[PDB]
Protein chains: 2
Amino acid sequence: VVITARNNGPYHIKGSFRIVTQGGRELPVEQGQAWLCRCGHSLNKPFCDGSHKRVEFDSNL
Amino acid sequence: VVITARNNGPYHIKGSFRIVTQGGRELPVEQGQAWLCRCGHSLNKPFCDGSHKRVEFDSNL
Ligand code: FES
Ligand code: FES
């Protein structure tokens, strides 16, 4: 599994992994890839929905 | 690999994985486990530094 934190962007996850809530609810992994919100403002958490551009999330690693 | 998105807090990643920048730089993973900032406010991105509590991050999944 490789996690790429995109600059000014989401975490890109690729490989064989599961996403779960603290409660234990399985969230959907499609095609062994996901983009998870890193900016805090997605309206579809934990998935990135483009909100990072709206709030000009500034994080360059 | 299991990614647990903690309520009002970081992503917990457990298992065999790497973390890389979009630039290609490997980031240091301690003992098959990391907490990655979900709130957008860590001053040590991509790692959670407890800033989620300071800015009262609200995401209960
Ligand atoms: S990183 Fe894309 S919506 Fe937050
Ligand atoms: S989730 Fe803990 S610092 Fe952002």
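Hydrogens, waters and symmetry mates are skipped; everything else that's a heavy atom, side chains included, is used. Counting starts at 1 for both ligands and their atoms, following the listed order. Labels below follow one simple rule: chain letters A, B, ... track the order of the sequence lines, proteins then strands, and each chain is numbered from 1.
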Can you tell me how far apart OG1 (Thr4(A)) and CD1 (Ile13(A)) are? Round to the nearest 0.5 Å. 9.0 Å
Using side-chain hydrogen bond (donor to acceptor under 3.5 Å, both in side chains) as the criterion, list what pairs up with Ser59(A), not counting sequence neighbours. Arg38(A)
So SG of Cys37(A) and CZ of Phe57(A): to nearest 0.5 Å the spacing works out to 8.0 Å
May I ask you to decide if the ring planes of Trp35(B) and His12(B) are parallel, tilted or perpendicular, using 30° and 60° as cut-offs? parallel
Chi angles and distances behind the side chain to side chain contact (heavy atoms under 4.5 Å, CB included) call for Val20(A), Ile3(B): CA-CA 6 Å; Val20(A) 309; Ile3(B) 298 161; over 6 Å; no
Anything protein N/O/S under 2.8 Å from atom 2 (Fe) of ligand 2? Just list residue and atom, please. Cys48(B) SG, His52(B) ND1
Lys53(B) side chain vs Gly50(B) backbone, donor-acceptor pair below 3.5 Å: no
